[PDB]
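Heads up: the structure comes next, in structure tokens.
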Amino acid sequence: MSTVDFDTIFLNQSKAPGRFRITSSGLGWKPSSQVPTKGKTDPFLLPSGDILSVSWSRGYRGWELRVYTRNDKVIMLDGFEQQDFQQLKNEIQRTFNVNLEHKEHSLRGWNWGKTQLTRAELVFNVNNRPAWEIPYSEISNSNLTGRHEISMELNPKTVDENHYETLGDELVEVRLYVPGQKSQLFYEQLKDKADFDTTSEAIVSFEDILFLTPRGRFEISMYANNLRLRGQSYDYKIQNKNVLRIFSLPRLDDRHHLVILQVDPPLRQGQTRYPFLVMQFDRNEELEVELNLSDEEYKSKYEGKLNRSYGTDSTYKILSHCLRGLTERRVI
Amino acid sequence: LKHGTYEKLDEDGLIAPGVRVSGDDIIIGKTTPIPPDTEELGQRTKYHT
Amino acid sequence: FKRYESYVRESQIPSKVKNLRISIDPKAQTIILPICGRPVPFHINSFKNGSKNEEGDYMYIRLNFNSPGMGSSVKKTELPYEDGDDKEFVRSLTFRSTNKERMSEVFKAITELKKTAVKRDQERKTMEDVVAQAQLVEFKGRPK
Amino acid sequence: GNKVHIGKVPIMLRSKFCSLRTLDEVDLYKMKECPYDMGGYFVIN
Amino acid sequence: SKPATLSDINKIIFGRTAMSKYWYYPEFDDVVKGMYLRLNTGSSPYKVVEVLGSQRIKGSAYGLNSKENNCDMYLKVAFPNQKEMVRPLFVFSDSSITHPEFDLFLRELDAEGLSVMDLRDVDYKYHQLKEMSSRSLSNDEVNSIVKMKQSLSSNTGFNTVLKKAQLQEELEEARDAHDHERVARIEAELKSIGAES
Amino acid sequence: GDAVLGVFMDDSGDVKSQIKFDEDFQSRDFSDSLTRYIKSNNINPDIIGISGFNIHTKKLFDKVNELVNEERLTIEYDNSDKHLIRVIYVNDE
Amino acid sequence: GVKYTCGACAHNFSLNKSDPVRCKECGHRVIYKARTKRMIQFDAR
Ligand SMILES: [Zn+2]
């Protein structure tokens, strides 16, 4: 029985090379014994009955063999040479009766196209060619971020007792823009496919705040240890310790209210800096906000510093109280 | 220069222990700067400073 | 739409790509991004703006791309994408890395490549509507 | 008004304010001082 | 941009004696960064490691060359095939890197998918080492190095005598101030330090 | 202890630059410095004069002639067999 | 270029006529030159 084997093959973007083997019972992959990989040394085995289809395409480390399973999982094997294609094609056809499909990918560098939800992967097509595909098993969560905007979070692969160390830069989040009255139907189908569960983060967020300095509009997301300013062109992370002083000052126009943060070190945009952040509110702007905190964490850490819910009071008062409670700085 | 011999001095202008010395030999080499003359006319750096 | 391309053949993609990391090709103005083991090229023209945030040990860099709806300041006359109501767009990709220094250098090099591309396009436009003039004929005697 | 410095007084060797009044016999050798030296003189320049 | 040959790497050989001669320099941390040197594996086939950085470790003073050669500097290196390692300075050997050693280092780099230092970078390292070795230290740098070695100083007869004299002076100062609490502590410290032979 | 002095004058008759050669005239450094002075500074003298008080100047003349023949220091001609810059002795009463 | 010896810890080193006169490891201000490498011969009389 001619066992065909390939050395230096990687499984699912593994850091360690392994030996790949084709047998009448299925596919086998085993890590090469030369790397101390804190990790089970157990061979990966895929039964012949679980193989649905196999595609051949360009990967990072040479050519990639992508195996589609009947259980809607995608297995990626990378590290093949271009010459291996003829041997692999003949052996896969002989052993599994499956055609090895050659899949050419779009290299145009365009960020527009059509998404296509295939059984096991989300495919992005550019000029009728696949630019990239994401297996549904790699998608952790999906969330509608606007009327035409879909954000997909990918499982950050850190340390799991069942996965080989990954080598390189990891994709964490993909945002798609789907025009037309269409993004909600696209989201529903994707969400239903893998039962994605929505999550909520950030103790409190304030959207669309006008800053006079730096000039622009920013979302303010507050955390236990840090404040985030999210701006179209600039994201800032300020530690609560770096906030020295909070000023809450009425403007003489008797229509706007100023909230001013002194930050050390001063925020940077290039040459000159921003030691003071100047926010401008309308006095008639009212906001209702519930804190994203568990009842046990609220009672233990924030009782008497923050309110569990703020009623419909002026936005600048709620913001000034939240800043006081999280930074422990007195409002002037 | 003194009429003695300067060949017993090291690179730093100090003689080293264990060296036999005689009268008028130079045991400490010291120089004091002097404003240069018009010898920079045609002297190839070989002018007394 | 000003048509552009990153690579025509897979051979054109540099051999330096073998690292499963973000590789930048200044000659082809291309930002190759590792999407699930795929060397996906993204032309600097399609790229819009970038935001870098070092969260913990990983450096989370969100690379934004041109998307319709109050996007780039470029006038309607020239669009960085082809017109299409049925066209869907990659609006942003966020990557993380344990190596902070290199990831900061990669971000600087993407930003520099964009500045050089914009400067070259301005220089072209300052020469575009300019009509190719005839060559000045020098006076064969003493000129006034 | 506090401790203003008015000058430096030379110290007689082996006197009460000398550093060699202490140090015993062993440390007197580490400091390259002869134990037979009796003191009673100053060191100027 | 050309790959470095054996002679280019040999030009930047930094021996263990040179390490002891220059490890206390403030710039030595960046000087040793990225260098290639022969290392005793111990577990012995000598191999080459790449310096990912250095980390001072207090309380880990070790004999570098002799008994008096106490050192607190540590080098964080790593084999290409193997993982990151924090090693003391004396592990490296003054002997030159052999052809099979450099060949194995190249094979491990190829297995990992890494490259060799550029010839321009090799020249930059060589110039950095030449500047550092021929540099003239300042008075402040000398004081800093002396204080660092004093912190590393376990014991020295001259320094012990100086410390005992300073303690005696402090004790007489406390006595003249009628401080009956400090003087007891100073007497206990003097008793502990003393009892010579 | 006899350094070589160089003085260049333009067609205007006004001194433009004077240089000192403090190395030995038989060293490679002397020839390299003279070539740098001749070429880099755009001096481009039309003729080079050499004179002295004794026969030692003859060796300098020979060395200069060899340098001219070696470096092909042709005269710059304002806008093609470019001609070499002549080196001769000068009467000096 | 020329060796030196510290006056307290007896540590050998060298100077380049530009370093401060100081022992590198204990900071002593007094150093001594090392013996010459020439041959020294005596008449044994
Ligand atoms: Zn010393």
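Ligands are numbered from 1 in the order shown, residues from 1 within each chain, and chains are lettered A, B, ... in the order they appear in the structure tokens.
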
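Each residue with an atom within 9 Å of any atom of ligand 1 appears in the list, which was built counting only C-alpha atoms and all ligand atoms: residues 5, 6, 7, 8, 9, 10, 11, 12, 22, 23, 24, 25, 26, 27, 28, 29, 30 and 31 of chain G.
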
Exercise. Which residues of chain A are close to chain E, meaning at most 12 Å apart when you count only C-alpha atoms, and how do they look as a list in words?
Worked result: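 Here they are: residues 8, 15, 16, 17, 32, 33, 34, 35, 36, 37, 38, 60, 61, 167 and 168 of chain A.
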
Exercise. Restricting the calculation to only C-alpha atoms, which member of F:80, F:8, F:14, F:24 is positioned closest to chain B?
Worked result: F:24

For this session: Just the residues within 12 Å of residue 164 in chain A, please, counting only C-alpha atoms, with nothing from its chain fewer than 2 positions along; format it as a VMD selection string.
Result: chain A and resid 10 to 18 30 to 31 35 to 44 157 to 162 166 to 167

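Within 9 Å of chain B, and counting only C-alpha atoms, chain G contributes residues 1, 2, 16, 17, 33, 34, 35, 36, 37, 38, 39 and 40 of chain G.
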
Selection export as a PDB file, in the first residue's frame, atoms kept: N, CA, C and O atoms:
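Output below, filename selection.pdb:
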ATOM      1  N   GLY G   1      47.342  51.721  26.413  1.00  0.00           N
ATOM      2  CA  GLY G   1      48.604  51.358  25.798  1.00  0.00           C
ATOM      3  C   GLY G   1      49.646  50.913  26.803  1.00  0.00           C
ATOM      4  O   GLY G   1      50.502  50.083  26.498  1.00  0.00           O
ATOM      5  N   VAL G   2      49.574  51.472  28.009  1.00  0.00           N
ATOM      6  CA  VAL G   2      50.487  51.143  29.093  1.00  0.00           C
ATOM      7  C   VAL G   2      49.669  50.698  30.296  1.00  0.00           C
ATOM      8  O   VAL G   2      48.645  51.312  30.618  1.00  0.00           O
ATOM      9  N   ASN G  16      44.346  55.554  28.181  1.00  0.00           N
ATOM     10  CA  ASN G  16      44.591  56.055  26.833  1.00  0.00           C
ATOM     11  C   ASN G  16      44.956  57.536  26.824  1.00  0.00           C
ATOM     12  O   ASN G  16      44.658  58.247  25.860  1.00  0.00           O
ATOM     13  N   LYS G  17      45.585  58.017  27.894  1.00  0.00           N
ATOM     14  CA  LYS G  17      46.021  59.403  28.055  1.00  0.00           C
ATOM     15  C   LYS G  17      44.870  60.398  28.013  1.00  0.00           C
ATOM     16  O   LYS G  17      45.106  61.608  27.919  1.00  0.00           O
ATOM     17  N   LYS G  33      52.297  52.541  37.906  1.00  0.00           N
ATOM     18  CA  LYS G  33      52.701  51.915  36.661  1.00  0.00           C
ATOM     19  C   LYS G  33      53.180  50.491  36.915  1.00  0.00           C
ATOM     20  O   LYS G  33      53.579  50.130  38.024  1.00  0.00           O
ATOM     21  N   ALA G  34      53.133  49.678  35.868  1.00  0.00           N
ATOM     22  CA  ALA G  34      53.602  48.308  35.951  1.00  0.00           C
ATOM     23  C   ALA G  34      55.072  48.222  35.565  1.00  0.00           C
ATOM     24  O   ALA G  34      55.621  49.115  34.918  1.00  0.00           O
ATOM     25  N   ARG G  35      55.707  47.129  35.972  1.00  0.00           N
ATOM     26  CA  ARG G  35      57.129  46.951  35.718  1.00  0.00           C
ATOM     27  C   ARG G  35      57.412  46.839  34.226  1.00  0.00           C
ATOM     28  O   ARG G  35      56.587  46.370  33.446  1.00  0.00           O
ATOM     29  N   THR G  36      58.602  47.285  33.841  1.00  0.00           N
ATOM     30  CA  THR G  36      59.009  47.222  32.448  1.00  0.00           C
ATOM     31  C   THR G  36      59.202  45.777  32.007  1.00  0.00           C
ATOM     32  O   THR G  36      59.435  44.881  32.821  1.00  0.00           O
ATOM     33  N   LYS G  37      59.083  45.552  30.703  1.00  0.00           N
ATOM     34  CA  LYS G  37      59.285  44.237  30.119  1.00  0.00           C
ATOM     35  C   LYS G  37      60.729  43.973  29.725  1.00  0.00           C
ATOM     36  O   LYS G  37      61.035  42.866  29.271  1.00  0.00           O
ATOM     37  N   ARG G  38      61.618  44.947  29.886  1.00  0.00           N
ATOM     38  CA  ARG G  38      63.012  44.741  29.537  1.00  0.00           C
ATOM     39  C   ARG G  38      63.652  43.718  30.470  1.00  0.00           C
ATOM     40  O   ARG G  38      63.087  43.325  31.495  1.00  0.00           O
ATOM     41  N   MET G  39      64.850  43.281  30.097  1.00  0.00           N
ATOM     42  CA  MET G  39      65.608  42.370  30.937  1.00  0.00           C
ATOM     43  C   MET G  39      66.321  43.142  32.034  1.00  0.00           C
ATOM     44  O   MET G  39      66.918  44.195  31.790  1.00  0.00           O
ATOM     45  N   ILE G  40      66.261  42.609  33.249  1.00  0.00           N
ATOM     46  CA  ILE G  40      66.919  43.196  34.407  1.00  0.00           C
ATOM     47  C   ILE G  40      67.962  42.209  34.898  1.00  0.00           C
ATOM     48  O   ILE G  40      67.636  41.060  35.214  1.00  0.00           O
TER      49      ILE G  40
END

Exercise. Using only C-alpha atoms, which residues sit within 8 Å of range 83-95 of chain C once same-chain residues fewer than 3 positions away are excluded, as a VMD selection string?
Worked result: (chain A and resid 111 to 115 169 to 180) or (chain C and resid 1 59 to 67 79)

Writing out the chosen residues with N, CA and C atoms as a PDB file, in the first residue's frame:
ATOM      1  N   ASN A 111     -10.871  46.767  -2.318  1.00  0.00           N
ATOM      2  CA  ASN A 111     -11.610  46.480  -1.090  1.00  0.00           C
ATOM      3  C   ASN A 111     -13.128  46.371  -1.316  1.00  0.00           C
ATOM      4  N   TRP A 112     -13.547  46.431  -2.583  1.00  0.00           N
ATOM      5  CA  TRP A 112     -14.985  46.254  -2.909  1.00  0.00           C
ATOM      6  C   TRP A 112     -15.195  44.899  -3.587  1.00  0.00           C
ATOM      7  N   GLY A 113     -16.433  44.419  -3.602  1.00  0.00           N
ATOM      8  CA  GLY A 113     -16.761  43.109  -4.134  1.00  0.00           C
ATOM      9  C   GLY A 113     -18.171  42.661  -3.768  1.00  0.00           C
ATOM     10  N   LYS A 114     -18.365  41.347  -3.684  1.00  0.00           N
ATOM     11  CA  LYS A 114     -19.598  40.714  -3.198  1.00  0.00           C
ATOM     12  C   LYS A 114     -19.240  39.656  -2.166  1.00  0.00           C
ATOM     13  N   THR A 115     -19.863  39.698  -1.001  1.00  0.00           N
ATOM     14  CA  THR A 115     -19.794  38.611  -0.029  1.00  0.00           C
ATOM     15  C   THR A 115     -20.712  37.472  -0.455  1.00  0.00           C
ATOM     16  N   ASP A 169       0.876  37.706  12.612  1.00  0.00           N
ATOM     17  CA  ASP A 169      -0.104  38.733  12.962  1.00  0.00           C
ATOM     18  C   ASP A 169      -1.506  38.146  12.823  1.00  0.00           C
ATOM     19  N   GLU A 170      -2.343  38.322  13.839  1.00  0.00           N
ATOM     20  CA  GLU A 170      -3.663  37.691  13.899  1.00  0.00           C
ATOM     21  C   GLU A 170      -4.764  38.702  13.603  1.00  0.00           C
ATOM     22  N   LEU A 171      -5.704  38.321  12.743  1.00  0.00           N
ATOM     23  CA  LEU A 171      -6.902  39.098  12.458  1.00  0.00           C
ATOM     24  C   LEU A 171      -7.896  38.954  13.620  1.00  0.00           C
ATOM     25  N   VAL A 172      -8.371  40.080  14.150  1.00  0.00           N
ATOM     26  CA  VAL A 172      -9.250  40.137  15.333  1.00  0.00           C
ATOM     27  C   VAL A 172     -10.660  40.578  14.972  1.00  0.00           C
ATOM     28  N   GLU A 173     -10.784  41.491  14.013  1.00  0.00           N
ATOM     29  CA  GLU A 173     -12.066  42.104  13.680  1.00  0.00           C
ATOM     30  C   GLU A 173     -12.101  42.475  12.198  1.00  0.00           C
ATOM     31  N   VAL A 174     -13.218  42.164  11.550  1.00  0.00           N
ATOM     32  CA  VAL A 174     -13.521  42.526  10.163  1.00  0.00           C
ATOM     33  C   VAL A 174     -14.809  43.326  10.145  1.00  0.00           C
ATOM     34  N   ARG A 175     -14.785  44.518   9.549  1.00  0.00           N
ATOM     35  CA  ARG A 175     -15.994  45.316   9.326  1.00  0.00           C
ATOM     36  C   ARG A 175     -16.302  45.414   7.850  1.00  0.00           C
ATOM     37  N   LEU A 176     -17.516  45.030   7.495  1.00  0.00           N
ATOM     38  CA  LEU A 176     -18.065  45.110   6.151  1.00  0.00           C
ATOM     39  C   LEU A 176     -19.091  46.239   6.069  1.00  0.00           C
ATOM     40  N   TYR A 177     -19.152  46.872   4.905  1.00  0.00           N
ATOM     41  CA  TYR A 177     -20.168  47.837   4.537  1.00  0.00           C
ATOM     42  C   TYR A 177     -21.006  47.261   3.398  1.00  0.00           C
ATOM     43  N   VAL A 178     -22.290  47.049   3.667  1.00  0.00           N
ATOM     44  CA  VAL A 178     -23.263  46.448   2.748  1.00  0.00           C
ATOM     45  C   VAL A 178     -24.327  47.508   2.434  1.00  0.00           C
ATOM     46  N   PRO A 179     -24.212  48.220   1.296  1.00  0.00           N
ATOM     47  CA  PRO A 179     -25.186  49.229   0.898  1.00  0.00           C
ATOM     48  C   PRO A 179     -26.514  48.606   0.445  1.00  0.00           C
ATOM     49  N   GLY A 180     -27.564  49.431   0.424  1.00  0.00           N
ATOM     50  CA  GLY A 180     -28.866  49.098  -0.157  1.00  0.00           C
ATOM     51  C   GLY A 180     -29.971  48.756   0.846  1.00  0.00           C
TER      52      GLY A 180
ATOM     53  N   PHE C   1     -13.590  56.162 -12.429  1.00  0.00           N
ATOM     54  CA  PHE C   1     -12.769  55.376 -11.470  1.00  0.00           C
ATOM     55  C   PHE C   1     -11.365  55.173 -12.050  1.00  0.00           C
ATOM     56  N   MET C  59      -0.622  44.624  19.886  1.00  0.00           N
ATOM     57  CA  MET C  59      -0.832  45.974  19.297  1.00  0.00           C
ATOM     58  C   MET C  59      -1.984  45.889  18.290  1.00  0.00           C
ATOM     59  N   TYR C  60      -3.157  46.417  18.653  1.00  0.00           N
ATOM     60  CA  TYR C  60      -4.352  46.327  17.772  1.00  0.00           C
ATOM     61  C   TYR C  60      -4.366  47.508  16.797  1.00  0.00           C
ATOM     62  N   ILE C  61      -4.035  47.248  15.528  1.00  0.00           N
ATOM     63  CA  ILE C  61      -4.034  48.326  14.494  1.00  0.00           C
ATOM     64  C   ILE C  61      -5.240  48.132  13.571  1.00  0.00           C
ATOM     65  N   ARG C  62      -6.151  49.107  13.542  1.00  0.00           N
ATOM     66  CA  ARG C  62      -7.344  49.026  12.659  1.00  0.00           C
ATOM     67  C   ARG C  62      -7.066  49.809  11.370  1.00  0.00           C
ATOM     68  N   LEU C  63      -6.899  49.101  10.249  1.00  0.00           N
ATOM     69  CA  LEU C  63      -6.648  49.767   8.944  1.00  0.00           C
ATOM     70  C   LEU C  63      -7.991  50.001   8.244  1.00  0.00           C
ATOM     71  N   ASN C  64      -8.408  51.265   8.129  1.00  0.00           N
ATOM     72  CA  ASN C  64      -9.704  51.600   7.479  1.00  0.00           C
ATOM     73  C   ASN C  64      -9.507  51.689   5.962  1.00  0.00           C
ATOM     74  N   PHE C  65     -10.554  51.380   5.193  1.00  0.00           N
ATOM     75  CA  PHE C  65     -10.475  51.446   3.708  1.00  0.00           C
ATOM     76  C   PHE C  65     -11.598  52.345   3.177  1.00  0.00           C
ATOM     77  N   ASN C  66     -11.470  52.816   1.934  1.00  0.00           N
ATOM     78  CA  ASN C  66     -12.471  53.756   1.355  1.00  0.00           C
ATOM     79  C   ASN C  66     -13.851  53.094   1.289  1.00  0.00           C
ATOM     80  N   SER C  67     -14.868  53.741   1.872  1.00  0.00           N
ATOM     81  CA  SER C  67     -16.257  53.210   1.826  1.00  0.00           C
ATOM     82  C   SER C  67     -17.231  54.362   1.543  1.00  0.00           C
ATOM     83  N   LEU C  79     -13.389  58.752  -8.323  1.00  0.00           N
ATOM     84  CA  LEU C  79     -13.722  57.875  -7.167  1.00  0.00           C
ATOM     85  C   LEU C  79     -12.648  56.789  -7.020  1.00  0.00           C
TER      86      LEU C  79
END

What are the DSSP helix (DSSP H, G or I) residues of chain F, as an mmCIF file with N, CA and C atoms, in the first residue's frame?
data_model
loop_
_atom_site.group_PDB
_atom_site.id
_atom_site.type_symbol
_atom_site.label_atom_id
_atom_site.label_comp_id
_atom_site.auth_asym_id
_atom_site.auth_seq_id
_atom_site.Cartn_x
_atom_site.Cartn_y
_atom_site.Cartn_z
ATOM 1 N N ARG F 28 51.544 59.406 -1.145
ATOM 2 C CA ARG F 28 50.275 59.327 -1.860
ATOM 3 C C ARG F 28 49.307 60.402 -1.386
ATOM 4 N N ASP F 29 49.413 60.795 -0.113
ATOM 5 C CA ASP F 29 48.518 61.806 0.435
ATOM 6 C C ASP F 29 48.693 63.141 -0.273
ATOM 7 N N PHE F 30 49.940 63.511 -0.577
ATOM 8 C CA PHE F 30 50.195 64.758 -1.292
ATOM 9 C C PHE F 30 49.520 64.758 -2.656
ATOM 10 N N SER F 31 49.689 63.670 -3.411
ATOM 11 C CA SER F 31 49.092 63.587 -4.739
ATOM 12 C C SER F 31 47.571 63.612 -4.658
ATOM 13 N N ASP F 32 46.999 62.884 -3.696
ATOM 14 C CA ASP F 32 45.546 62.851 -3.557
ATOM 15 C C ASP F 32 44.996 64.226 -3.186
ATOM 16 N N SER F 33 45.660 64.918 -2.259
ATOM 17 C CA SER F 33 45.212 66.251 -1.867
ATOM 18 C C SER F 33 45.329 67.232 -3.027
ATOM 19 N N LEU F 34 46.421 67.152 -3.792
ATOM 20 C CA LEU F 34 46.569 68.039 -4.942
ATOM 21 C C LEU F 34 45.501 67.763 -5.992
ATOM 22 N N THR F 35 45.197 66.486 -6.241
ATOM 23 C CA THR F 35 44.142 66.153 -7.196
ATOM 24 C C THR F 35 42.789 66.668 -6.723
ATOM 25 N N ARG F 36 42.500 66.521 -5.427
ATOM 26 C CA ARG F 36 41.242 67.030 -4.888
ATOM 27 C C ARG F 36 41.157 68.542 -5.036
ATOM 28 N N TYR F 37 42.245 69.247 -4.721
ATOM 29 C CA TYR F 37 42.268 70.698 -4.869
ATOM 30 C C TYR F 37 42.065 71.103 -6.324
ATOM 31 N N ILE F 38 42.692 70.376 -7.250
ATOM 32 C CA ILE F 38 42.602 70.720 -8.663
ATOM 33 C C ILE F 38 41.184 70.507 -9.180
ATOM 34 N N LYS F 39 40.575 69.367 -8.848
ATOM 35 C CA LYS F 39 39.314 68.987 -9.473
ATOM 36 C C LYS F 39 38.095 69.485 -8.706
ATOM 37 N N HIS F 56 66.221 70.714 -5.803
ATOM 38 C CA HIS F 56 65.151 69.932 -5.193
ATOM 39 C C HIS F 56 63.816 70.188 -5.880
ATOM 40 N N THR F 57 63.663 71.367 -6.487
ATOM 41 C CA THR F 57 62.420 71.698 -7.179
ATOM 42 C C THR F 57 62.222 70.822 -8.411
ATOM 43 N N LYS F 58 63.312 70.287 -8.962
ATOM 44 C CA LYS F 58 63.205 69.433 -10.142
ATOM 45 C C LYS F 58 62.395 68.178 -9.840
ATOM 46 N N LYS F 59 62.619 67.582 -8.666
ATOM 47 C CA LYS F 59 61.860 66.398 -8.283
ATOM 48 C C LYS F 59 60.379 66.721 -8.137
ATOM 49 N N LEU F 60 60.062 67.885 -7.563
ATOM 50 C CA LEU F 60 58.665 68.302 -7.478
ATOM 51 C C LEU F 60 58.064 68.462 -8.867
ATOM 52 N N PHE F 61 58.825 69.062 -9.785
ATOM 53 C CA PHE F 61 58.340 69.248 -11.151
ATOM 54 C C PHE F 61 58.054 67.906 -11.810
ATOM 55 N N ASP F 62 58.969 66.949 -11.646
ATOM 56 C CA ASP F 62 58.779 65.618 -12.221
ATOM 57 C C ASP F 62 57.565 64.928 -11.611
ATOM 58 N N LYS F 63 57.407 65.037 -10.290
ATOM 59 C CA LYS F 63 56.277 64.413 -9.612
ATOM 60 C C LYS F 63 54.961 65.015 -10.088
ATOM 61 N N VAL F 64 54.929 66.343 -10.243
ATOM 62 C CA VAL F 64 53.724 67.020 -10.712
ATOM 63 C C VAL F 64 53.404 66.605 -12.142
ATOM 64 N N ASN F 65 54.428 66.521 -12.993
ATOM 65 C CA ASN F 65 54.216 66.103 -14.373
ATOM 66 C C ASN F 65 53.679 64.679 -14.439
ATOM 67 N N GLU F 66 54.228 63.788 -13.608
ATOM 68 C CA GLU F 66 53.717 62.421 -13.550
ATOM 69 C C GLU F 66 52.271 62.395 -13.074
ATOM 70 N N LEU F 67 51.938 63.215 -12.074
ATOM 71 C CA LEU F 67 50.564 63.270 -11.585
ATOM 72 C C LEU F 67 49.613 63.747 -12.676
ATOM 73 N N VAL F 68 50.023 64.768 -13.429
ATOM 74 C CA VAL F 68 49.193 65.284 -14.515
ATOM 75 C C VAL F 68 49.003 64.219 -15.591
ATOM 76 N N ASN F 69 50.089 63.535 -15.956
ATOM 77 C CA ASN F 69 50.003 62.469 -16.946
ATOM 78 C C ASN F 69 49.169 61.291 -16.464
ATOM 79 N N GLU F 70 49.083 61.076 -15.153
ATOM 80 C CA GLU F 70 48.353 59.939 -14.606
ATOM 81 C C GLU F 70 46.864 60.216 -14.446
ATOM 82 N N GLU F 71 46.498 61.381 -13.916
ATOM 83 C CA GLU F 71 45.102 61.687 -13.633
ATOM 84 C C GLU F 71 44.382 62.359 -14.790
#

So that I can check the surroundings of residue 173 in chain E, please list as a CSV table (one decimal) with N, CA and C atoms, in the first residue's frame every protein, DNA and RNA residue that reaches within 12 Å of it, counting only C-alpha atoms and ignoring chain neighbours fewer than 6 positions away.
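Heads up, here's the output in part-v4.csv:
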chain,number,residue,atom,x,y,z
D,17,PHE,N,40.7,63.3,67.3
D,17,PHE,CA,39.9,63.6,66.1
D,17,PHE,C,40.5,63.0,64.8
E,166,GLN,N,33.6,55.0,59.1
E,166,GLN,CA,32.4,55.8,58.9
E,166,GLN,C,31.4,55.5,60.0
E,167,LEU,N,31.2,54.3,60.4
E,167,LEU,CA,30.3,53.9,61.5
E,167,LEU,C,30.8,54.4,62.8
E,179,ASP,N,21.8,60.6,71.9
E,179,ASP,CA,20.8,59.8,71.3
E,179,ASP,C,21.1,58.3,71.7
E,180,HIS,N,20.4,57.9,72.8
E,180,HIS,CA,20.7,56.6,73.3
E,180,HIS,C,20.1,55.4,72.5
E,182,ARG,N,19.9,55.4,68.8
E,182,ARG,CA,20.7,55.2,67.6
E,182,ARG,C,22.0,54.5,67.9
E,183,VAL,N,22.6,55.0,69.1
E,183,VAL,CA,24.0,54.5,69.4
E,183,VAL,C,23.9,53.0,69.7
E,186,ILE,N,24.0,51.3,66.2
E,186,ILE,CA,25.4,51.5,65.6
E,186,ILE,C,26.4,50.5,66.3

Interface rows for chain C against chain A: nearest pair, Å to one decimal, 8 Å, only C-alpha atoms, as a Markdown table:
| residue | atom | partner | partner_atom | distance |
| --- | --- | --- | --- | --- |
| C:4 | CA | A:108 | CA | 7.4 |
| C:5 | CA | A:108 | CA | 4.5 |
| C:6 | CA | A:108 | CA | 5.0 |
| C:7 | CA | A:107 | CA | 5.3 |
| C:8 | CA | A:107 | CA | 6.5 |
| C:9 | CA | A:107 | CA | 7.7 |
| C:10 | CA | A:58 | CA | 7.6 |
| C:17 | CA | A:60 | CA | 6.5 |
| C:18 | CA | A:61 | CA | 5.1 |
| C:19 | CA | A:168 | CA | 6.4 |
| C:20 | CA | A:168 | CA | 4.9 |
| C:21 | CA | A:169 | CA | 4.8 |
| C:22 | CA | A:169 | CA | 6.7 |
| C:30 | CA | A:109 | CA | 7.2 |
| C:34 | CA | A:169 | CA | 7.0 |
| C:35 | CA | A:171 | CA | 6.4 |
| C:36 | CA | A:134 | CA | 6.2 |
| C:37 | CA | A:59 | CA | 6.0 |
| C:38 | CA | A:59 | CA | 5.5 |
| C:39 | CA | A:60 | CA | 5.8 |
| C:40 | CA | A:131 | CA | 6.4 |
| C:41 | CA | A:109 | CA | 5.0 |
| C:42 | CA | A:109 | CA | 4.1 |
| C:43 | CA | A:109 | CA | 4.7 |
| C:46 | CA | A:110 | CA | 6.1 |
| C:49 | CA | A:233 | CA | 6.9 |
| C:50 | CA | A:233 | CA | 7.4 |
| C:51 | CA | A:234 | CA | 6.2 |
| C:52 | CA | A:235 | CA | 7.6 |
| C:53 | CA | A:235 | CA | 7.3 |
| C:65 | CA | A:111 | CA | 7.0 |
| C:66 | CA | A:111 | CA | 7.7 |
| C:67 | CA | A:177 | CA | 7.2 |
| C:81 | CA | A:112 | CA | 7.3 |
| C:85 | CA | A:179 | CA | 6.5 |
| C:86 | CA | A:179 | CA | 6.9 |
| C:87 | CA | A:113 | CA | 5.4 |
| C:88 | CA | A:178 | CA | 4.8 |
| C:89 | CA | A:112 | CA | 4.2 |
| C:90 | CA | A:176 | CA | 4.9 |
| C:91 | CA | A:176 | CA | 5.3 |
| C:92 | CA | A:175 | CA | 5.0 |
| C:93 | CA | A:174 | CA | 4.9 |
| C:94 | CA | A:173 | CA | 5.0 |
| C:95 | CA | A:171 | CA | 4.5 |
| C:96 | CA | A:170 | CA | 5.3 |
| C:97 | CA | A:169 | CA | 5.0 |

For this session: Return the neighbours of chain B among the residues of chain F, cut-off 10 Å, counting only C-alpha atoms, as a PyMOL selection string.
Result: chain F and resi 1-5+20-25

Restricting it to C-alpha atoms, dump the selection as a compact mmCIF listing (two decimals), in the first residue's frame.
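Written file, selection-v8.txt:
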# COMPACT_ATOMS: atom_id res chain seq x y z
CA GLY F 1 60.56 70.58 6.95
CA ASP F 2 59.72 72.28 3.64
CA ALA F 3 55.98 72.27 2.95
CA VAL F 4 54.68 72.99 -0.55
CA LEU F 5 52.65 76.18 -0.96
CA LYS F 20 49.07 74.46 2.22
CA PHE F 21 50.31 70.92 1.65
CA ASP F 22 51.81 69.81 4.96
CA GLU F 23 52.53 66.18 4.01
CA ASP F 24 55.59 64.88 2.20
CA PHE F 25 55.50 65.60 -1.53

For this session: Record the distance separating CA of residue 319 in chain A and CA of residue 274 in chain A, expressed in Å with one decimal.
Result: 20.0 Å
